[PDB]
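**Student:** Input file: target.cif. Contents: mmCIF, C-alpha atoms.
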data_run
loop_
_atom_site.label_atom_id
_atom_site.label_comp_id
_atom_site.auth_asym_id
_atom_site.auth_seq_id
_atom_site.Cartn_x
_atom_site.Cartn_y
_atom_site.Cartn_z
CA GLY A 1 0.00 0.00 0.00
CA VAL A 2 0.88 3.72 -0.17
CA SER A 3 0.99 6.40 2.53
CA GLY A 4 2.81 9.65 3.19
CA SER A 5 6.60 9.73 3.02
CA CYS A 6 6.94 11.32 6.55
CA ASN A 7 5.66 8.05 8.01
CA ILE A 8 8.05 5.51 9.63
CA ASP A 9 8.10 1.78 8.98
CA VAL A 10 7.79 -0.30 12.11
CA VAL A 11 11.01 -2.32 11.30
CA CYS A 12 12.93 1.00 11.57
CA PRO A 13 14.92 1.71 14.73
CA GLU A 14 11.98 3.80 16.05
CA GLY A 15 10.34 0.40 16.69
CA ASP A 16 13.15 -0.80 18.98
CA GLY A 17 11.82 -1.42 22.47
CA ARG A 18 8.24 -1.62 21.05
CA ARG A 19 8.37 -4.95 19.19
CA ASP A 20 5.74 -6.41 21.49
CA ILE A 21 3.00 -3.72 20.98
CA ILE A 22 3.82 -3.63 17.25
CA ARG A 23 2.30 -7.17 17.15
CA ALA A 24 -0.98 -6.07 18.71
CA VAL A 25 -2.08 -3.94 15.74
CA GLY A 26 -4.00 -5.10 12.69
CA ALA A 27 -5.60 -3.58 9.62
CA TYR A 28 -9.07 -4.63 8.55
CA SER A 29 -11.71 -4.51 5.85
CA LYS A 30 -15.43 -3.88 6.30
CA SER A 31 -17.74 -5.59 3.76
CA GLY A 32 -14.67 -6.53 1.68
CA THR A 33 -13.08 -3.06 1.45
CA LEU A 34 -10.00 -1.94 3.48
CA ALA A 35 -11.36 0.45 6.15
CA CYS A 36 -9.62 1.02 9.49
CA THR A 37 -7.12 -0.09 12.08
CA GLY A 38 -7.65 -1.93 15.35
CA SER A 39 -5.58 -3.57 18.11
CA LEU A 40 -5.60 -6.37 20.69
CA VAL A 41 -6.01 -5.56 24.34
CA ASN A 42 -5.33 -7.62 27.40
CA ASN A 43 -7.82 -8.00 30.26
CA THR A 44 -7.41 -8.82 33.96
CA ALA A 45 -8.13 -12.55 33.54
CA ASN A 46 -5.04 -12.77 31.22
CA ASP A 47 -6.90 -15.34 29.12
CA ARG A 48 -5.96 -14.30 25.49
CA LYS A 49 -9.58 -13.34 24.67
CA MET A 50 -9.56 -11.76 21.18
CA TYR A 51 -10.70 -8.30 22.28
CA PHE A 52 -10.01 -5.94 19.41
CA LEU A 53 -10.40 -2.23 20.07
CA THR A 54 -11.23 0.12 17.23
CA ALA A 55 -13.19 3.38 16.56
CA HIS A 56 -16.92 3.69 16.52
CA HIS A 57 -16.95 5.91 13.45
CA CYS A 58 -15.55 3.00 11.40
CA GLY A 59 -19.05 1.42 11.66
CA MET A 60 -18.24 -2.03 13.09
CA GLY A 61 -20.45 -1.72 16.13
CA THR A 62 -23.41 -3.61 14.64
CA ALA A 63 -23.81 -7.41 14.57
CA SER A 64 -23.97 -7.39 10.76
CA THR A 65 -20.88 -5.26 10.07
CA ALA A 66 -18.82 -6.98 12.77
CA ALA A 67 -19.55 -10.36 11.07
CA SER A 68 -18.00 -8.99 7.85
CA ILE A 69 -14.56 -8.10 9.35
CA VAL A 70 -11.40 -9.47 7.84
CA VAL A 71 -8.27 -8.69 9.91
CA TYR A 72 -4.76 -8.64 8.31
CA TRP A 73 -1.92 -9.25 10.73
CA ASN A 74 1.77 -8.49 10.33
CA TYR A 75 1.20 -6.25 7.30
CA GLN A 76 4.35 -4.13 7.20
CA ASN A 77 7.24 -3.29 4.85
CA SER A 78 10.03 -5.90 4.95
CA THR A 79 12.81 -3.23 5.19
CA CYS A 80 13.12 0.23 6.78
CA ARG A 81 12.40 2.93 4.20
CA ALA A 82 14.09 6.16 5.25
CA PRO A 83 11.39 8.60 6.52
CA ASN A 84 10.78 11.74 4.41
CA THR A 85 12.31 10.19 1.26
CA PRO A 86 10.29 9.13 -1.75
CA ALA A 87 11.05 5.49 -0.84
CA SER A 88 8.80 5.81 2.20
CA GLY A 89 5.96 7.26 0.02
CA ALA A 90 6.16 4.50 -2.55
CA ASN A 91 4.15 1.26 -2.70
CA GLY A 92 5.40 -1.10 -0.04
CA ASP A 93 6.02 -4.81 0.00
CA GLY A 94 3.81 -5.94 2.85
CA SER A 95 2.10 -9.31 2.81
CA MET A 96 -1.63 -9.58 3.52
CA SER A 97 -1.92 -13.42 3.79
CA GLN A 98 -2.09 -13.64 7.61
CA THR A 99 -5.81 -13.15 8.06
CA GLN A 100 -8.85 -14.11 10.14
CA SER A 101 -12.54 -13.41 9.49
CA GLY A 102 -15.48 -12.59 11.66
CA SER A 103 -16.22 -10.96 14.97
CA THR A 104 -18.98 -10.02 17.40
CA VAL A 105 -19.62 -6.69 19.09
CA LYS A 106 -19.08 -6.47 22.82
CA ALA A 107 -19.57 -2.71 23.20
CA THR A 108 -19.75 0.50 21.20
CA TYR A 109 -20.10 4.17 22.16
CA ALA A 110 -20.16 7.37 20.09
CA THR A 111 -18.91 9.99 22.58
CA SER A 112 -15.43 8.57 23.25
CA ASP A 113 -15.72 6.89 19.81
CA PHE A 114 -14.80 3.29 20.76
CA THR A 115 -15.88 -0.16 19.57
CA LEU A 116 -14.71 -3.32 21.32
CA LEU A 117 -15.01 -6.36 19.09
CA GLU A 118 -14.30 -9.97 19.97
CA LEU A 119 -12.76 -11.86 17.06
CA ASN A 120 -14.39 -15.28 16.35
CA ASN A 121 -11.11 -17.23 15.98
CA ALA A 122 -8.62 -17.80 18.87
CA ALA A 123 -5.05 -16.60 18.27
CA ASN A 124 -3.12 -18.62 15.61
CA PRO A 125 0.33 -19.28 17.11
CA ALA A 126 1.83 -18.59 13.69
CA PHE A 127 0.69 -14.96 13.86
CA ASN A 128 2.76 -14.28 17.05
CA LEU A 129 0.14 -11.85 18.46
CA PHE A 130 0.44 -9.60 21.49
CA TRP A 131 -2.40 -8.33 23.78
CA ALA A 132 -1.40 -4.87 24.96
CA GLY A 133 -1.97 -3.45 28.44
CA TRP A 134 -4.07 -0.36 29.12
CA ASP A 135 -4.12 2.57 31.50
CA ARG A 136 -7.46 4.18 32.55
CA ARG A 137 -6.07 6.72 35.03
CA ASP A 138 -7.28 10.28 34.65
CA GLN A 139 -3.98 11.93 33.68
CA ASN A 140 -1.75 13.21 30.91
CA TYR A 141 1.57 11.81 29.64
CA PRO A 142 4.91 13.40 28.54
CA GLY A 143 4.74 11.75 25.13
CA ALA A 144 3.02 8.91 23.33
CA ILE A 145 3.45 6.16 20.69
CA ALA A 146 1.00 5.50 17.77
CA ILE A 147 1.16 2.28 15.82
CA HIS A 148 -1.17 2.28 12.87
CA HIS A 149 -2.07 1.51 9.23
CA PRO A 150 -2.28 4.87 7.41
CA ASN A 151 -4.38 4.58 4.26
CA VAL A 152 -4.78 1.00 5.51
CA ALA A 153 -1.26 0.43 4.11
CA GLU A 154 1.87 -1.07 5.70
CA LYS A 155 2.11 -0.67 9.47
CA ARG A 156 3.78 2.52 10.74
CA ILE A 157 4.89 4.05 14.03
CA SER A 158 4.54 7.70 14.98
CA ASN A 159 6.16 9.25 18.08
CA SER A 160 5.04 12.21 20.20
CA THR A 161 7.60 13.82 22.56
CA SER A 162 5.24 16.56 23.72
CA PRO A 163 2.80 16.39 26.68
CA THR A 164 -0.72 15.16 25.85
CA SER A 165 -3.75 17.32 26.75
CA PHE A 166 -7.49 16.74 27.21
CA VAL A 167 -9.96 18.02 24.65
CA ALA A 168 -13.45 17.38 23.35
CA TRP A 169 -13.66 16.08 19.85
CA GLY A 170 -13.05 19.14 17.63
CA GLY A 171 -10.56 20.67 20.01
CA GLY A 172 -12.85 22.63 22.39
CA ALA A 173 -12.64 22.34 26.16
CA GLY A 174 -13.64 18.84 27.16
CA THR A 175 -12.14 15.65 28.54
CA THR A 176 -13.38 12.88 26.27
CA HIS A 177 -10.28 13.02 23.99
CA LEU A 178 -6.48 13.15 24.22
CA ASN A 179 -4.81 15.62 21.94
CA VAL A 180 -1.43 14.40 20.65
CA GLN A 181 1.16 16.68 18.95
CA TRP A 182 3.38 14.96 16.36
CA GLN A 183 7.03 15.87 15.84
CA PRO A 184 7.60 18.57 13.22
CA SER A 185 9.17 16.15 10.68
CA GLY A 186 7.94 12.88 12.16
CA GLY A 187 5.13 10.48 11.29
CA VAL A 188 1.51 11.49 11.59
CA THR A 189 -1.73 9.54 10.93
CA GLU A 190 -3.88 9.40 7.80
CA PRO A 191 -7.32 8.21 6.74
CA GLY A 192 -7.56 4.51 7.64
CA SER A 193 -5.42 4.94 10.71
CA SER A 194 -8.81 5.52 12.41
CA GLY A 195 -9.26 3.18 15.44
CA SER A 196 -5.48 2.76 15.89
CA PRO A 197 -4.17 2.78 19.45
CA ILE A 198 -2.18 5.45 21.24
CA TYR A 199 0.15 4.10 23.90
CA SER A 200 1.72 5.73 26.95
CA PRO A 201 5.55 5.68 27.16
CA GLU A 202 5.09 2.50 29.27
CA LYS A 203 3.31 0.88 26.28
CA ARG A 204 -0.26 0.86 27.64
CA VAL A 205 -3.27 1.80 25.52
CA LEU A 206 -4.78 5.19 26.39
CA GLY A 207 -7.26 5.65 23.55
CA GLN A 208 -7.91 4.98 19.88
CA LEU A 209 -7.67 7.40 16.94
CA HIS A 210 -10.73 9.56 16.19
CA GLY A 211 -9.00 11.87 13.71
CA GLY A 212 -7.67 15.43 13.46
CA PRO A 213 -5.86 17.92 11.13
CA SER A 214 -2.51 16.08 10.70
CA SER A 215 -0.80 15.26 7.43
CA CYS A 216 2.81 15.05 6.39
CA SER A 217 2.60 18.70 5.23
CA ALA A 218 0.85 20.03 8.39
CA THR A 219 2.62 22.71 10.47
CA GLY A 220 2.36 23.89 14.04
CA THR A 221 -0.59 22.71 16.07
CA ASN A 222 -2.39 21.33 13.00
CA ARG A 223 0.22 18.52 13.10
CA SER A 224 -1.86 16.71 15.65
CA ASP A 225 -4.64 14.19 16.23
CA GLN A 226 -7.32 13.34 18.74
CA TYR A 227 -7.88 10.02 20.48
CA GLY A 228 -11.03 8.87 22.32
CA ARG A 229 -9.96 8.12 25.93
CA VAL A 230 -9.99 4.70 27.67
CA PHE A 231 -10.78 6.70 30.82
CA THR A 232 -14.00 7.99 29.22
CA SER A 233 -14.78 4.62 27.56
CA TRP A 234 -14.30 2.70 30.86
CA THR A 235 -17.62 4.00 32.12
CA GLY A 236 -18.86 4.86 28.58
CA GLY A 237 -22.59 5.08 28.13
CA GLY A 238 -23.56 3.51 31.42
CA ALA A 239 -24.10 -0.17 30.63
CA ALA A 240 -22.00 -3.15 29.39
CA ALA A 241 -22.93 -2.68 25.72
CA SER A 242 -21.40 0.82 25.70
CA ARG A 243 -18.35 0.62 27.99
CA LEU A 244 -15.06 -1.18 28.50
CA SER A 245 -15.05 -2.06 32.18
CA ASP A 246 -17.08 -5.29 32.14
CA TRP A 247 -14.89 -6.79 29.40
CA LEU A 248 -11.41 -5.61 30.39
CA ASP A 249 -11.73 -6.12 34.18
CA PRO A 250 -14.01 -9.19 34.34
CA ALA A 251 -12.30 -10.45 37.49
CA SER A 252 -13.35 -7.15 39.23
CA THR A 253 -9.74 -6.75 40.42
CA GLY A 254 -10.10 -2.96 40.43
CA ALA A 255 -6.93 -2.50 38.39
CA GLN A 256 -6.13 1.08 37.17
CA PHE A 257 -3.60 -0.22 34.67
CA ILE A 258 -2.24 -3.54 33.47
CA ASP A 259 0.60 -4.74 31.26
CA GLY A 260 0.46 -6.83 28.13
CA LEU A 261 0.39 -10.55 27.47
CA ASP A 262 2.48 -12.36 24.81
CA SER A 263 1.32 -15.35 22.72
#
Here is the file; what I need is its structure written in the form of structure tokens.

**Tutor:**
Amino acid sequence: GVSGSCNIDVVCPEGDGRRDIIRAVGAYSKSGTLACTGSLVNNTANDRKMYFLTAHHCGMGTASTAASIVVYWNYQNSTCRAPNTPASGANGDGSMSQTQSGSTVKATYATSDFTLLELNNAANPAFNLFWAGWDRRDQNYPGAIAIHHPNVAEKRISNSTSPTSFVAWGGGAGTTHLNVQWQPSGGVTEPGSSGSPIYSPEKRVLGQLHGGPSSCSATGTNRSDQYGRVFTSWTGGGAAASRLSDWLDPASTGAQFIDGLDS
């Protein structure tokens, strides 16, 4: 696939130290057509349940559209293309043969823009999947890591080394979203990155991508994106079908944050 040249292949050194969470992220199609990004999340029972977080606005939060999902794992360029060179903006060499079809909806909620799916098939050992931790504490972070499929093309990583801030979707005062500022020549996100996770520096999911003004040519504060918060989604819309808590802490441990689980 093809995406902006400012984007960074995951096999690049920017991925060092992150090779676990890189394996949590997948691209998917909706009714046959490449659509959005999602990622695996761990839960307190540590049971490898195929909980796949994505964004509500991608339209997977109905029984019918969830059934149509095809997820493509390990879809990334074989070699590091140097960021901001035309090599990075050229068609990549990713494989799309590691797939699984079908899911059900566990919860969906428009305000913090989250859908939790459960994939029908248990993890194939050959796909070497990872279930990432999460952090639901009401706070900001000194930076953040995005792993995503821009234009639903080969997997990329984008780093933020600026503090996050709370916003409402659109950028007004609010607390439902995290605002993330990209580096001035670093990776960004692009259509199809929607639903992709944002991770704290400790590699725990904080939210999933709603959208925002970023592109490889964006300057200043337009080089940014907004992520629906796990904090907000935890309580969500006030019942199991519209929140994360029942699914991610089934053991009622009361955990504020957890780490990941390897396959």

**Student:** Considering only C-alpha atoms, can you say which of A:43, A:54, A:189, A:68 comes closest to residue A:30?

**Tutor:**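 Using only C-alpha atoms, residue A:30 sits closest to A:68.
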
**Student:** Could you give me, as a list in words, the residues within 9 Å of stretch 231-236 of chain A, counting only C-alpha atoms and dropping anything in the same chain fewer than 6 positions from it?

**Tutor:** residues 108, 109, 110, 111, 112, 113, 114, 135, 136, 137, 138, 175, 176, 177, 206, 207, 242, 243, 244, 245, 246 and 248 of chain A

**Student:** Might you pull out every residue within 7 Å of stretch 1-15 of chain A, with only C-alpha atoms counted and same-chain residues fewer than 4 positions away left off, and present them as an mmCIF file with C-alpha atoms, in the frame of the given file?

**Tutor:**
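File produced: out_33.cif:
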data_model
loop_
_atom_site.group_PDB
_atom_site.id
_atom_site.type_symbol
_atom_site.label_atom_id
_atom_site.label_comp_id
_atom_site.auth_asym_id
_atom_site.auth_seq_id
_atom_site.Cartn_x
_atom_site.Cartn_y
_atom_site.Cartn_z
ATOM 1 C CA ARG A 19 8.370 -4.950 19.190
ATOM 2 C CA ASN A 77 7.240 -3.290 4.850
ATOM 3 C CA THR A 79 12.810 -3.230 5.190
ATOM 4 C CA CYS A 80 13.120 0.230 6.780
ATOM 5 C CA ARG A 81 12.400 2.930 4.200
ATOM 6 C CA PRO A 83 11.390 8.600 6.520
ATOM 7 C CA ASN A 84 10.780 11.740 4.410
ATOM 8 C CA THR A 85 12.310 10.190 1.260
ATOM 9 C CA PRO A 86 10.290 9.130 -1.750
ATOM 10 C CA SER A 88 8.800 5.810 2.200
ATOM 11 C CA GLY A 89 5.960 7.260 0.020
ATOM 12 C CA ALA A 90 6.160 4.500 -2.550
ATOM 13 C CA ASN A 91 4.150 1.260 -2.700
ATOM 14 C CA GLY A 92 5.400 -1.100 -0.040
ATOM 15 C CA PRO A 150 -2.280 4.870 7.410
ATOM 16 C CA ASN A 151 -4.380 4.580 4.260
ATOM 17 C CA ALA A 153 -1.260 0.430 4.110
ATOM 18 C CA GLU A 154 1.870 -1.070 5.700
ATOM 19 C CA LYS A 155 2.110 -0.670 9.470
ATOM 20 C CA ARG A 156 3.780 2.520 10.740
ATOM 21 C CA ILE A 157 4.890 4.050 14.030
ATOM 22 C CA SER A 158 4.540 7.700 14.980
ATOM 23 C CA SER A 185 9.170 16.150 10.680
ATOM 24 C CA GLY A 186 7.940 12.880 12.160
ATOM 25 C CA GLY A 187 5.130 10.480 11.290
ATOM 26 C CA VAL A 188 1.510 11.490 11.590
ATOM 27 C CA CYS A 216 2.810 15.050 6.390
#

**Student:** Which is closer to residue A:164 than all the others in A:193, A:29, A:44, A:224, using only C-alpha atoms?

**Tutor:**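 Looking only at the distances to residue A:164, the closest residue turns out to be A:224.
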
**Student:** Between A:145, A:251, A:35, A:152, which is the closest to residue A:21 once you count all atoms listed in the file?

**Tutor:** A:145

**Student:** Which residues fall under the PyMOL selection byres ((chain A and resi 120-133) around 9) in this file, as an MDAnalysis selection string?

**Tutor:** chainID A and resid 20:25 39:43 48:51 67 73:74 98:104 118:119 134:135 203:205 257:263

**Student:** Compare A:55, A:45, A:63, A:240 by their minimum atom-to-atom distance to residue A:115, counting all atoms listed in the file, and give me the closest one.

**Tutor:**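 Of all the options, A:55 lies closest to residue A:115.
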
**Student:** Taking into account only C-alpha atoms, which residue in the set A:229, A:18, A:148, A:210 is nearest to residue A:56?

**Tutor:**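 Checking each of A:229, A:18, A:148, A:210 against residue A:56, counting only C-alpha atoms, the winner is A:210.
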
**Student:** For residue A:27, which of A:76, A:208, A:256, A:159 is the closest residue, counting only C-alpha atoms?

**Tutor:**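 Nearest candidate to residue A:27 out of A:76, A:208, A:256, A:159: A:76.
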
**Student:** Could you tell me, as a ChimeraX atom specification, exactly which residues end up selected when the PyMOL selection byres ((chain A and resi 181) around 12) is applied to this structure?

**Tutor:** /A:141-146,158-166,178-180,182-189,198,212-215,218-227

**Student:** When the PyMOL selection byres ((chain A and resi 28) around 6) is applied to the structure above, which residues does it catch, written out as a ChimeraX atom specification?

**Tutor:** /A:27,29,34,36,70-72

**Student:** Output, as AutoDock Vina command-line options, the centre and edge lengths in Å (one decimal) of the axis-aligned box that contains all listed atoms of stretch 6-25 of chain A with 6 Å of margin on each side.

**Tutor:**
--center_x 6.4 --center_y 2.1 --center_z 14.5 --size_x 29.0 --size_y 30.5 --size_z 27.9

**Student:** What does the structure give for the distance between atom CA of residue A:106 and atom CA of residue A:200, in Å to one decimal?

**Tutor:** 24.5 Å
